[PDB]
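Here we start with a single chain on its own, the form deposited in one PDB entry, put down as structure tokens.
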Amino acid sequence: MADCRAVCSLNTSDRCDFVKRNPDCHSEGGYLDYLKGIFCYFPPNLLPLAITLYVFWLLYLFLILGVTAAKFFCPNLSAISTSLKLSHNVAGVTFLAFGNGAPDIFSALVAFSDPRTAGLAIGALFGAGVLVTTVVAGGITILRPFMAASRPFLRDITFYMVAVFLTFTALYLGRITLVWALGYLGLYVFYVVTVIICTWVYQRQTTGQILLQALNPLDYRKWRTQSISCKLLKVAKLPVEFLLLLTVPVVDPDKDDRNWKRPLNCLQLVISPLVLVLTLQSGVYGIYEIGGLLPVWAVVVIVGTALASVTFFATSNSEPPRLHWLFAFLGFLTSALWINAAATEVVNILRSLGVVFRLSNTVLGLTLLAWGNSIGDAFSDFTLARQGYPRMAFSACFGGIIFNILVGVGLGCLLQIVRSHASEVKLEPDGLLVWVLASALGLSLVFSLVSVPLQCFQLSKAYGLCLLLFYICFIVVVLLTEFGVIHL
């Protein structure tokens, strides 16, 4: 049963057979098989084109992960929370971190669920932490210089150093047990409670018309105002948001009618359970059949139509019903499942590349997965800075990575422990590159901890340019370590 990275050590006429025979080149989840497409569908001379296509597909996957997280996931989370009298400023402080970190969390959950991929998770978390700490944070200060707040900055930097060293030592021990995962989650809860307490202490001291209007993702008057590049971005994003509108119900506590799109919501009482059934566990639970007569999706459709008609004729178009808030929960489920789905695909693609090019999980994680997971950070935070809120963006840039690392490691490892019934997740370090990654994260934190106070919390262009050059040097060292040029 040869390790199926040996596939390039074979004659091209045997490749497909190897892929079909070796269970090590089969995945546990997803819909497409990418090694099979590499070696069977495409002809051997057309290898580069295929891989080029794959990168494009991978990039498009990130786009989905961004949109779903920002327009459909966090709004419904906010609706659920604000149905329970929550505050305003910490809402902006922390929900920005949640929306920026959802892709990171779901990617870590997917990667930790398989020993062949767990390395990706670590590389993708630490890697993102480096990027956001240098390129995004520095970038903010180049776009608008501002004055940071001393106490929040020092609080965040301390908590994040603590989390980095906890993961550093868990990596040295080579494993992470149930108590460690529970400790990570508890430490995150402690951090949020501290934020709340300290803020308090600082302060004291026809219907078819609305179907069409509800399924239209364009605003033409705004669309003509934009530039050529933004128009191209919008036409790229059109199909994704059309599907998300079709399947995910959204509730805004802001708008007066709360997005009560009566007929679209009545249809989504049918559509959303189907996408949920066909998405959970890649649909394995879907073709499940009660008594060998009818599958799951049939009874789902029957009950869905019943409830959809019942609600359709029982409510008024201008007036939402009394159980309207429940839709947010539904919209929180289906959206999350969409994110999970896309995350699965991303991870599968990365695994495939590692087989074809014999690249480690750590390099793939800290480059491709990190950059893809941080695209949303860049959009959100640069846009927020250019609008006149660089202080909020800088706070998110250091308070969202804490969420990433703590919740990602804790929850991913906890779910793996529960599912596998084992007693720990094994973190085998992947050679010498993992220590380079950890050292780089520590050193970027040390640079910020010394520099920001010494400027008296007055951040400007020079700080950002220096952080950019730090990232360039870090990539130099990563490249050298991966080519075998530095060894021991």
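Just count from 1 along the sequence shown to find any residue number. In this text, the rigid core denotes the largest set of C-alpha atoms whose superposition between the two forms falls within 1.5 Å.
A.B. asks: Between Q205 and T206, how many deposited residues lack coordinates (none, 1 to 3, 4 to 9, 10 or more)?
C.D. replies: In the record, 10 or more residues between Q205 and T206 lack coordinates.
In what follows, reference is made to the form deposited in another entry, a form of this protein that is not presented.
A.B. asks: When the rigid core of both forms is overlaid, which of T94, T311, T177, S282 is the one whose C-alpha moves 2 angstroms or more between this form and the one not shown?
C.D. replies: The answer here is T94.
A.B. asks: Against the rigid core, is the Cα displacement of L294 between this form and the one not shown at least 2 Å?
C.D. replies: Yes: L294 shifts by at least 2 Å between this form and the one not shown.
A.B. asks: If the CA atoms of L96 and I375 move by 3 Å or more in the other entry, do they move toward each other or away, so closer or farther than here?
C.D. replies: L96 and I375 sit farther apart in the other entry.
A.B. asks: Specify closer or farther for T94 and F470: how their Cα atoms are spaced in the other entry versus the shown form, given a shift of 3 angstroms or more.
C.D. replies: Between the C-alphas of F470 and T94, the gap widens in the other entry (3 Å or more compared with this form).
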